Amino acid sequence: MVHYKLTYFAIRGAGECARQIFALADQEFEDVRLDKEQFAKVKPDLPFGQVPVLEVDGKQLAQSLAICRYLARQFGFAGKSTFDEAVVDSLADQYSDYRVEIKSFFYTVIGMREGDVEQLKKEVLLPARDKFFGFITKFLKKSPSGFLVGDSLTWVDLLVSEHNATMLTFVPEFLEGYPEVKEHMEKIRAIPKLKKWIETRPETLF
């Protein structure tokens, strides 16, 4: 078969989306989780000095979005047409811009930077969430299938669903008045093969 090796830290973060893709494609792969010191040794042989890095039959591929998209195309979770795929691509990119806005809150609460959690929540996180959910909700209200794009699962369903499940861990109010976003999160994570992975994967915060 094609052999796959996901290399990333001992956390979900940027590597998780790809791990969910393999779970849903029932695709077996090597799932390498590194500590700081192990990373420091392999780092210079990585295409951009960072992780996640995927290997397909030895050949290296960096950047989480590129990884997830590549794997989604192989297994049928990218979109059922080239334009639909592009629409999925834009949701993924929007989500990434959203991650930049909340970077300050997100790295404070995992505790790898110091700051005031509470005003970062109120002033940074929640306004960025309101804007972003405003867009997500619009795609959901105009999708009667229940997925963000088209009539089936695509990998942005997995990004947006996992992020929201993760954030409820730190901010229980997070999906406070957005029932359609709540619905989506539940719908996707109820897919038995995904739920299985959720139950069996190593438990990490974020």
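Throughout, we count residues from 1 along the sequence that is shown.
Q: Looking at the entry, does 106 to 114 or 72 to 80 show the higher mean C-alpha B-factor?
A: Averaging CA B-factors over each stretch, the winner is 106 to 114.
Q: Comparing 85 to 93 with 119 to 127, which has the greater mean CA B-factor as deposited?
A: Of 119 to 127 and 85 to 93, the stretch with the higher C-alpha B-factor average is 119 to 127.
Q: Name the one of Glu180, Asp26, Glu55, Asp31 with the greatest CA B-factor according to the PDB entry.
A: Result of the comparison over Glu180, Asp26, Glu55, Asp31: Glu180.
Q: Among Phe48, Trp155, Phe147, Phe174, where is the Cα temperature factor highest, going by the PDB entry?
A: The record points to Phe174.
Q: For the chain shown, is the CA B-factor of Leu140 in the lowest, middle or highest third of its modelled residues?
A: Highest third of the chain for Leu140's C-alpha B-factor.
Q: Among the modelled residues of this chain, does the Cα B factor of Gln60 put it in the lowest, middle or highest third?
A: For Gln60, whose C-alpha B-factor we compare with every modelled residue in the chain, the answer is the lowest third.
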